[PDB]
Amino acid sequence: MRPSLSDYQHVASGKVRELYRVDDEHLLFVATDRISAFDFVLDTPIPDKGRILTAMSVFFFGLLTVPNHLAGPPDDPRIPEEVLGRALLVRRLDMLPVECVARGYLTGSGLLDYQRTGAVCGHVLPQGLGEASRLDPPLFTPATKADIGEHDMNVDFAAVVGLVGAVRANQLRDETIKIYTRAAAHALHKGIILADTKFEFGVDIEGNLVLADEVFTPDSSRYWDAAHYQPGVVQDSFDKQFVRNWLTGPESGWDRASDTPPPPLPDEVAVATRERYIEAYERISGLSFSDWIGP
């Protein structure tokens, strides 16, 4: 008999994810079906999104050889029925206060920082780069969380050293680039570019660096279709482009500039978006989402 979610203490709420205490050394990591676009959590959930992204994360944890926070199988009896397939039993870690970002391509705040200064997070780059330019080698572009409604703040390596220690900063940098490089090559082989990604790490009782959070999901990473990769223009979001096009199109009645909360999505846009998530998962994992556990 699976426990009720109400049996666990709620310890943290993020935009799309929830964290619960299971016991002194374990947490329940829960992905929801909520989707964010243009820095708004939208009214309309994407069916099965939490399950698909959990399946994705589990695949990539298994692909990477590095220590990670998983503490049980996806059907672990400590997982409540209501979140089965979109929740994981994980080891509680002392989390390091660094958003560990790898960028293989130049976009978003990385591109903006470069266009303003010629550098990103302390990396002085060649002249002549632009939107969706390939970055080789990939860059470690760490960030720190800001206030509730604010974007993360890009910082340089010295800032990371001041947060976690010199040797630990080195370790974060090296592991971030190593696992990004592996996952990105794997995805591209299957026709998907992982343009960038954001990791969080924690430390266990033995002082070991442990990969936590979710890894290489379309929420933590920019997914692009490789078949349409065209440097110099903004790449479509593999998963979210239908959502973005509808919100900013003539049928939504919404003005992006207004900063007013956007309206709910058409059901058919939500279902199409679910299909994109499944396609990305199945292409990258080589597995069938129909085999992934659920309620």
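Each residue number is its position in the shown sequence, starting from 1.
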Check your understanding: Which has the higher mean CA temperature factor in the PDB entry, 71 to 79 or 101 to 109?
Key -> 71 to 79
**Study point:** 148 to 156 versus 172 to 180 - greater average Cα B-factor per the deposited record
**Key:** 148 to 156
Study note, to complete from the structure: Per the deposited B-factor column, the C-alpha that peaks among 185, 120, 205, 84 belongs to 205
Point to revise | Highest-ranked of 225, 131, 196, 214 once sorted by CA temperature factor in the record | key: 214
Revision key, fill the gap. Tertile call for residue 60 (CA temperature factor, within chain, third-based) is the lowest
**Study point:** Lowest, middle or highest third - CA B-factor, residue 237
**Key:** middle
Revision key, fill the gap. Among the modelled residues of its chain, the C-alpha B-factor of residue 248 falls in the third labelled highest
Exercise for review: Using the B-factors in the PDB entry, rank residue 34's C-alpha atom against the chain and give the third, lowest, middle or highest.
Suggested key: highest
Point to revise | Third of the chain, ranked by Cα B-factor, where residue 27 sits | key: lowest
